[PDB]
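Here you get one chain, nothing else, as structure tokens; it is the form deposited in one PDB entry.
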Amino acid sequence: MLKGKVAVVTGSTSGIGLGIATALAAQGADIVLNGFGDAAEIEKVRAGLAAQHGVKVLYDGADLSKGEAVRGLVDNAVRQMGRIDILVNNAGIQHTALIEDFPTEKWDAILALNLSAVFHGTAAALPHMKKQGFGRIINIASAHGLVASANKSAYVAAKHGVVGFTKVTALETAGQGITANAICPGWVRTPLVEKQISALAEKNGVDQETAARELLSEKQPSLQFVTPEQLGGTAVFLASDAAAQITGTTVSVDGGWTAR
């Protein structure tokens, strides 16, 4: 369990982020949610999580594209919750295009959220973790933080950056009760992905599930999607005492993506 601990999860108002925040809450950890979205809908999620798991749940709409904002998200978390035991840097954005066609504005935005945001968040939380003698920095990178795909230069670059940053984080905190690791997910069945499937479903005129496997065939050997619940359970493990000596490494949850 994680009773008495505080977890801050960026981009957790939905999808993967929400899956991890939910997994941590179920372990008895207080949660600070974050990300853009509908204020009303967001409150519903927050209150729903708080009630369902009997833990304190807050929401900070801090803009992760801004360094001061990310650092502020962490400070206020400590001010409201009293400490920050776990920091899950999850927020991510993407864009597909050949390198020579890749918009500089897109490249900069992707680096800012997927990479720089991890630095600012980590920089803000480290002092508190070193003081308390306990810390768990869980960066959600990607299979693309280990290998590449054509047309995703900025994302691949940013994610690799995260893995490298995770390693440094671990070395600077080694032995202080703090660990830093990066979960590298393969395909996850997001709403936009679902529309990508339906785009192939009506492209080949096959049922959704067949299209699903079609979409996974190229990169994911298992032909099965990774779920937010599994990624939550992975974050839960890394935050456990059994993962005390697991630091500066990656945990690939990709159905065999990086094995071949």
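Only the largest set of C-alpha atoms that superpose within 1.5 Å between the two forms is called the rigid core. Residues carry their position along the shown sequence, with the first being 1. Only residues modelled in both forms are compared.
Modelled in this chain, residue 191 is nonetheless absent from a third or more of the other compared entries whose models extend past it on both sides. Compared with other entries of the same protein, residue 205 falls in the group left without coordinates by at least a third of them, where both flanks are modelled. For the pair 140-148 and 104-112, the mean Cα B-factor is higher in 104-112. Relative to one another, 181-189 and 163-171 have unequal mean CA B-factors, and 181-189 is the one with the higher figure. Within the group 223, 226, 51, 70, the record's highest C-alpha temperature factor is found at 51.
You'll see in the entry that, of 8, 2, 259, 253, the Cα B factor peaks at 2. In the deposited entry, the Cα temperature factor of residue 215 sits in the top third of values across the chain's modelled residues. In the deposited entry, the Cα temperature factor of residue 33 places it in the middle third of its chain's modelled residues.
Annotation for residue 81: CA B-factor lies in the highest third of the chain's modelled residues. The PDB entry assigns residue 156 a C-alpha temperature factor belonging to the lowest third of its chain's modelled residues. In this PDB entry, residue 97 carries a Cα temperature factor that places it within the middle third of its chain's modelled residues.
This protein has a second form, the form deposited in another entry, left out of what is shown; the following refers to that one.
Just one residue from the list 198, 227, 217, 52 crosses the 2 Å line for C-alpha shift between the shown form and the other one on a rigid core fit, and it is 198.
Here is what shifts between the shown form and the other one when you lay the two on the core: just one run of at least 3 residues, every Cα off by 2 Å or more, at 191-215.
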